[PDB]
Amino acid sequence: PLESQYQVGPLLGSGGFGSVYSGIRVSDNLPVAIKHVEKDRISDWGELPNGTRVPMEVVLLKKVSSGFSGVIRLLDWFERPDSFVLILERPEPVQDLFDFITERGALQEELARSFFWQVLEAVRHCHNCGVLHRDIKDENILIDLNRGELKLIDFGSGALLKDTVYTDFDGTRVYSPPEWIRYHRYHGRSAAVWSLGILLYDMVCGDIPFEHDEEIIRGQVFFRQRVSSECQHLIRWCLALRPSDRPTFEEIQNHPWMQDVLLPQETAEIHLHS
């Protein structure tokens, strides 16, 4: 019985994903987040081991949930007449990367490096579990302010990872690659890498580089902030127009700009604690 085992707090936000509430697990006071998804609003369905029809999001989160991660954990879920309810881990204190960037502006390279590294580890983890996120962006990342750990959220636009072409997409347009914009086709990994380049530009410049289809298609990158040459190079590499000209995760992580990353806690101590 959903109502008895959780105590609802205030609405955290709402949007394409539905509505997310702060909550608490009554039994042990574990901070949780409670997400409501309307059935009519779910485009993509999957099925479990047992075979009953759930949101793809549930399948995906189950595939990435075992062990530890920079992926937010699914603790439980419930079906209701017209909606599904997902219980998810909630770090405390926490701020999403979008608000963090809004508040602090362009991030120091050292901080952006630590953050970007953790995103990369989390995305490799997903891929390793056969899950493609398809909506990587600052709004979909949480910062545990005490430990300096990033967590990936919102798998609601995700898919099973495959090696063949995708011809459907419902993530964020401004993070989507030119091959999507032009042809409505992309491969999972190289599209993920493009959005990672958008993300990295966002972190080091305080905003995304493209707002328009024309700019995405053109793929010319201009810097408004002082940014090192190695960082600019990594960015322009991730944003190569041809998918096969983009780096693999391995190449990204071996890039000279990615050397000497801080540990999460070091990151929180240097950049996050007051």
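So that there is no doubt, residue numbering starts at 1 and follows the sequence shown.
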On average, which has the higher Cα B-factor in the deposited entry, 89-97 or 119-127? 89-97
Tell me which stretch, 193-201 or 138-146, has the higher mean Cα B-factor listed in the entry. 138-146
Residue of maximum C-alpha B factor among 77, 155, 186, 175, per deposited coordinates: 77
Highest recorded C-alpha temperature factor, please, choosing from 230, 207, 38, 245. 38
Looking at the entry's B-factor column for C-alpha atoms only, identify whether residue 33 ranks in the lowest, middle or highest third of its chain. middle
Among the modelled residues of its chain, does the C-alpha B-factor of residue 223 lie in the lowest, middle or highest third? middle
Taking the C-alpha B-factors as the PDB entry records them, is residue 249 in the lowest, middle or highest third of its chain? middle
Modelled-residue ranking by C-alpha temperature factor, third containing residue 17: highest
CA B-factor ranking of residue 102, expressed as a third of its chain: highest
